[PDB]
Amino acid sequence: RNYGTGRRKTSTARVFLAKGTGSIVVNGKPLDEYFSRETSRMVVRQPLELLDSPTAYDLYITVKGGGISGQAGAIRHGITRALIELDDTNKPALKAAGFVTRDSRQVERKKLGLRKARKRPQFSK
Amino acid sequence: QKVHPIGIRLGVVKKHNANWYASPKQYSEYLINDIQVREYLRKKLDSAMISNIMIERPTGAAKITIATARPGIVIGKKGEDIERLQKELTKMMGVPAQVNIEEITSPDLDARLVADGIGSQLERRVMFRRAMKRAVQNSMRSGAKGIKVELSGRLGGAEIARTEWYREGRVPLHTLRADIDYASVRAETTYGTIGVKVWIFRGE
Amino acid sequence: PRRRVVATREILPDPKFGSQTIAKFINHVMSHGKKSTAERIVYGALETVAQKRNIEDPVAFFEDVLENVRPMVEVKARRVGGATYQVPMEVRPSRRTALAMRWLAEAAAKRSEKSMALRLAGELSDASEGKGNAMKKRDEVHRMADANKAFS
Amino acid sequence: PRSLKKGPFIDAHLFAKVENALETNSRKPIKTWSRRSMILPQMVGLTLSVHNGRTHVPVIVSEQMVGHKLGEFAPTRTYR
Amino acid sequence: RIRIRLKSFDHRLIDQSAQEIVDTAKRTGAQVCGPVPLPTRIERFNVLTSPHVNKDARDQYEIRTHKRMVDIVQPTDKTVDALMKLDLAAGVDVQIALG
Amino acid sequence: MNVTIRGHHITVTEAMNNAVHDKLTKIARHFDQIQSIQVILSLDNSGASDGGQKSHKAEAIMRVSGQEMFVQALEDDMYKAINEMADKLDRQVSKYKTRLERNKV
Amino acid sequence: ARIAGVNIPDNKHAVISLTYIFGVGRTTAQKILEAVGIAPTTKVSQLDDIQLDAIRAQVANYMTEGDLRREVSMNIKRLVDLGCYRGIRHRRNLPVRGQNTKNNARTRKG
Amino acid sequence: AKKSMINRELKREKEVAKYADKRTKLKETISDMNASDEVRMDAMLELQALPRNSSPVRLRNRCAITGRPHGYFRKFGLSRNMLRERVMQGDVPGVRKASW
RNA sequence: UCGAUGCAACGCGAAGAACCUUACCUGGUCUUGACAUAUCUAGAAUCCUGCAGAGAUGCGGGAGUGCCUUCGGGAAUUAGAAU
RNA sequence: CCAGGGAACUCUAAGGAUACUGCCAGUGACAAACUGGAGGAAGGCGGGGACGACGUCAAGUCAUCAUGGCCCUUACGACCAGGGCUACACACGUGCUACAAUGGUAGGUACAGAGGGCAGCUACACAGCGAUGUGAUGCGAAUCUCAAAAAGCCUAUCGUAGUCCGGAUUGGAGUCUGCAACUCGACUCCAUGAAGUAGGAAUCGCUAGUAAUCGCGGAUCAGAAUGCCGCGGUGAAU
């Protein structure tokens, strides 16, 4: 029952880890049924398969907020935190891939006199 | 070019001079009547030396706190001039509001009183740099860690206007925890308007 | 930027072949941030060439064509005494792959096939044997690089 | 244009003028500044003087003018 | 179960008023479920600072509206007879549902 | 090559248009690489504390391939402002043209 | 085939080809095809002459290019000879529905 | 703004206040589906016959101090020009500078 | 209508012109005046009306007689008498 | 909020902890400092914003406001109706929408943040092709609602055509707001279907959650955003 919280952009995934078969329940639905994008499909399994144990734990994941790849990143971070909660010696191998560092990147606010965060209105010369 | 010293410090080391809560419909009425109170009372108490006034209000009544350096002239003999203004304050405001007078222990540390004294001398045709130096000397001896006074306009009556400032001490404007009093008044001279800005820095 | 060597970002390998080279090509094809879209065109073209040539390793085949495409010598614009003569230098390894990928994408962008997947598949097939606009542009670069061959 | 349930908009003063002109069938123009008023079948035939902003322009209400506002037949900008 | 909802613009005055309201009940022999902070209303304004031109010259203002709310578990008479005497106004609005 | 002649706070007359066009075509005779010209004729003050002497303004923003040179001239009379502006613009055209021609050697 | 005096394309679907009659768009084509029996996905070439006549009779209820062109021209002519504001814009070839006649009036001016 | 415009707004709002209730009852009468057709048409005619300034659409709210018709904010009742001065002086409670 | 005029004017004032806003134009109107104080003549203000007019306005009819001090009368109020 | 009524977790919003070149290895004048490494969520200014020195441009604003002087006082003041600021041989500056197949259309199926709601938002039902209309409900809101996020994913079709692209213009019929939609409103429906097939010289923005693209809010506001100010989704190349 090792639980970890992961966050990314705007999503916040709460994942529960138990030693089991490998049943991943993403917000009440299976991983492949919940994630229609294969890019977001890899990210969830990335930490589990990094240390060669994909079909070794039952995962109860509840994502909330964020998009479809932000949620995958949040789930990956939460699984990473739960895995290091289970074992501290997991961290040395699971840190070299950057799975435990929270990604602090966020939508930069629209600044005034600008079209976007950085985009500037044009002026012909 | 320069932000307002109190406005940029309102939430860090300072405090608003209005402390009432109003629903979005009530905010307009409260703020408009509050501004009207401020203007009327500042025109009425021109002779006295009144600094910042805090018009804070509970539900119903209000508690208007005026800080001054002339409590005798403000209050009147046995409270005969404070109550005469009390009746008008209630007559134009809402539910009867209690006005209480506080005392400024050091009138040379209040940026508003110094600025208004400079303005009065300028309107009475005192030499402008004489007034600047007098104010800087008084405030810097009255314990202030720094003063800066700025005069802008047709100084002495010159056709070409100019800005003359005088600093003594620190007055670190770009530091937020500076406790910098600021005031900007105008002297109505026979050749136009002189802008009198005063910054007084007194700690952390 | 007249400053330090700012570190390059970490690319994430694509899910199917798990290759950073295919991920980089997917980024090259992708426009407007439609990574899933570009994934689908890249995968369709790679599967089409794999089926047509009956080759088990599409990633190995793609690596072969990429290495066959990327140039070896480029020409730059030098300046000595207000003069502009082109100097042939050796392309840096990081720039080699990017130049090859960009040439492949921009050559497949102007094919007559219906879908971009078909156009990319045709361009990949041509480049594997040494034909197409990608090889034409690379040989036109080598033509300049060898027709100068005098300014160091 | 206008909700059908609300009916046509006729200005009260011009309505009174045209109603009191219909009982006489008089031909002198009805000088009005109300150019937003609906042209009704009752007012077919006679002539109004619709203000164009500067002066009044006569408008002899023909059959194919009901369905139109008064100001449509009084151009405001004069461009040569 | 009386319910007090506190609204203000200051995030310290509201906390201290809520603490006083909690303290009277917690010290007059009663139980209180703590002041949960309900979402603030943050409303922003774009006041361009020049009198005439330079629309890019702006001042961005904001007026936060903080809201707290406290429930008592059981309203003992000695605890409840204090709220109408706990006159804390002039900065914080207090609404007592008394339901 | 474009020629725009706008007037701020003054009514540009046919004589002003001719007095700017004749000098513009004179500079464009020796320099044939001009992209655009924009001349603003203004009346920037009333000379309330100096009695004119800078009451009228004539400014020229010209754009060439790879550069943009702006000149201005204040004067009591608009025609003299135009002539002084034109002379500054001609001198700057000559300066740029000779630098570009001497960059080849 | 040939409906309403025009030879609509027969290599495309019926609901798309029927839009080639001046006076029939896509919603009207859908309504026409649902009026009798025809699925919109069927090509004109596969349409039988019995349902050709069915569709031809169905189109007659809609004011098509024979009557429609004359009706539109008459509607414009009414305003033009009326002299109203819209008529004036019609005879002067300027936008009539309150659009910019200062910079963007090109699909009108030429 | 001009004193004439300030007083013109005042007298334009006076009629709105005077005919506020009559307009409410009349609008309910015209919108009632149980009312007779001629009744609702006559009520609509009376609405159109009411004085022009009585409608709250001719009202243009402006700054309380300066009477500025532009840059108005409903929450404060002030134009942008006076609102900025008051906010920077601190006279507007709760309002401060924004940065996020 | 006016202002903004190289970068640093030109989706800028204007965070929003059908009327209003509105500053411009045509026409119809008023002159201490739409708004403040000096004043003395009547009246609680205020509400509902009729006609004429595009409306601004003009000419007429009904209900009400405030409040505190009380026979000097006063915070407001409608139409001027003039500087 | 939901792990097992619970007081765990997410979240909300007040007070704090952390980060300091603190430690290690080097280079460096026995220095400041620099380069790399460990631990850590974050490493050296962690990302972003507010904060704009003395002065410059007689820069802008007397039309927010105030103000010296000058000028008009049956008028340059004031009230009202109608028109006008929306005109068009034209040029220029900012944008939006496209020119398509990395796409159009029709079916399903997901994933947000932020903000607004009595000067209102509307569950739901019925009528309507629709804009909307009638009845009625919950909500001064973490309660009810705006509101469905769109790009995305699956299937079918279109098969390179001025077209099943594009959606200007115009004709007809309507809905709302408003005393009033002619000048001169926004939306809805039917019909038409314009230029446009990637744009000369020249020229602009952007170094990372950025550019690009996709939707959603607000201020002003009775109605009237392709502007402005914001919000998140996908997300590069160098």
Side-chain angles (χ1 to χ4, degrees), chain A residues 3 10 12 14 16 36-37 64-69 71 101-102 104-110 112 117-125, chain B residues 1-3 8 174 191-193, chain C residues 27 30-38 41 114-116, chain D residues 1-3 9 13 32-36 51-54 69 71-72 76-77 79, chain E residues 11 15 37-40 46 51-53 55, chain F residues 4 6 8 35 40 42 45 59 61 65 70, chain G residues 16 22-23 25 27-28 68 72 75-76 85 98 101-102 107-108, chain H residues 3-4 7-8 11 33 47-48 50 52 55 57-58 60 63 66 68-72 79 81-82 97 99-100:
Chain A
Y3 146 81
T10 317
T12 148
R14 342 169 329 162
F16 292 71
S36 55
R37 248 203 87 158
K64 190 166 262 43
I68 45 144
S69 85
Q71 283 199 341
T101 143
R102 211 278 214 196
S104 33
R105 294 189 292 182
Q106 90 186 32
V107 180
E108 183 172 337
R109 47 154 298 197
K110 198 218 159 275
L112 208 151
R118 308 284 173 93
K119 201 203 184 166
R120 275 209 157 73
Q122 91 140 315
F123 54 104
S124 256
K125 295 302 145 233
Chain B
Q1 216 188 356
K2 265 154 205 83
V3 76
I8 215 238
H174 279 222
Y191 272 123
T193 278
Chain C
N27 282 324
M30 149 192 133
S31 327
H32 323 311
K34 304 237 217 173
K35 188 95 120 327
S36 166
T37 279
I41 306 82
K114 285 317 109 207
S115 70
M116 182 65 201
Chain D
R2 168 136 165 133
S3 302
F9 171 78
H13 50 266
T32 49
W33 323 76
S34 178
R35 22 184 313 146
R36 38 171 216 183
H51 191 224
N52 86 18
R54 163 163 37 169
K69 301 283 201 95
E72 308 215 48
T76 49
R77 306 172 239 264
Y79 167 54
Chain E
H11 68 91
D15 206 295
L38 297 184
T40 37
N46 274 125
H52 188 31
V53 275
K55 212 186 157 161
Chain F
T4 294
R6 288 196 244 251
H8 187 198
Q35 293 281 321
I40 293 174
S42 208
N45 52 84
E59 61 184 2
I61 318 107
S65 182
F70 158 91
Chain G
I16 286 313
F22 174 100
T27 146
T28 288
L68 190 42
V72 152
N75 282 349
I76 287 159
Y85 165 84
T101 109
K102 156 62 151 319
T107 302
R108 207 79 170 97
Chain H
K3 200 100 147 195
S4 47
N7 307 337
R8 173 188 314 164
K11 69 106 168 182
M33 38 43 58
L47 175 87
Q48 311 173 344
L50 284 179
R52 202 88 92 77
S55 62
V57 157
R58 287 166 77 85
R60 174 96 155 199
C63 164
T66 54
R68 210 190 185 250
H70 276 293
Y72 182 91
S79 83
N81 278 298
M82 299 288 344
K97 269 210 146 211
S99 64
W100 63 100

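Just so it is clear: chains get the letters A, B, ... in the order the sequence lines come, proteins before strands, and each one is counted from 1. Worth knowing before you read on, the calculation uses all heavy atoms, side chains too, and leaves out hydrogens, waters and symmetry mates.
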State whether [X] places a side-chain N or O below 4.0 Å from either non-bridging phosphate oxygen (OP1 or OP2) of [N].
| X | N | answer |
| --- | --- | --- |
| C:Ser31 | J:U102 | no |
| A:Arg37 | J:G235 | yes |
| D:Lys69 | J:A181 | yes |
| G:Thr101 | J:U86 | no |
| A:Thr101 | J:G40 | no |
| A:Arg118 | J:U207 | yes |
| D:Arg2 | J:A180 | yes |
| D:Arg77 | J:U183 | no |
| C:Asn27 | J:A237 | yes |
| E:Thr40 | J:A13 | yes |
| H:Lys11 | J:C80 | yes |

Please check, using ring centres under 5.5 Å and planes under 30°, whether the bases of I:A75 and I:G74 stack on one another.
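No, which means the ring centres are not under 5.5 Å apart or the planes are not under 30°.
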When you look at [M] and [N] together, do they satisfy the Watson-Crick or wobble criterion (both atom distances under 3.5 Å)?
| N | M | value |
| --- | --- | --- |
| J:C88 | J:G159 | no |
| I:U41 | I:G80 | yes |
| J:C51 | J:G174 | no |
| J:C65 | J:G135 | no |

Measure from the ring centre of F:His8 to the centre of the six-membered ring in the base of I:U5, then say whether that distance is under 5.5 Å and the planes meet at under 30°.
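So yes, this residue stacks on that base, both cut-offs being met.
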Under 5.5 Å and under 30°: D:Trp33 stacked on I:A54:
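Stacked: ring centres under 5.5 Å, planes under 30°.
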Under 5.0 Å side-chain proximity of E:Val53, groove of the nearby base atoms:
minor
If you go through the side-chain atoms of D:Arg36, does one of them form a donor-acceptor pair with the base of J:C182 closer than 3.5 Å?
no
If you take atom types as modelled and just measure distance, does the side chain of H:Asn7 reach the base of I:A34 with a donor-acceptor pair under 3.5 Å?
yes
Anti versus syn assignment for [N], with syn defined as within 90° of 0:
| N | value |
| --- | --- |
| J:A208 | anti |
| J:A89 | syn |
| I:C19 | syn |
| I:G72 | syn |

Identify whether any heavy atom of [X] sits under 4.0 Å from a base atom; if not, whether one sits that close to sugar-phosphate; answer base, sugar-phosphate or nothing.
| X | value |
| --- | --- |
| A:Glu108 | sugar-phosphate |
| G:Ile76 | sugar-phosphate |
| B:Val3 | sugar-phosphate |
| H:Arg8 | sugar-phosphate |
| E:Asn46 | base |
| A:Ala117 | sugar-phosphate |
| F:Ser65 | sugar-phosphate |
| H:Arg58 | base |

Interatomic distance where CZ belongs to D:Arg35 and P belongs to I:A54 [whole Å]:
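Distance, rounded to whole Å: 17 Å.
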What is the distance, to the nearest angstrom, from the CD atom on A:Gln71 to the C1' atom on J:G152?
13 Å
Which letters describe nucleotides 94-100 of chain J, given B = protein heavy atom under 4.0 Å from base, S = only from sugar-phosphate, - = neither?
SS-----
So if I take every side-chain heavy atom of C:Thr37 and compare against J:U102, J:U213, J:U210, which nucleotide ends up nearest?
J:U102
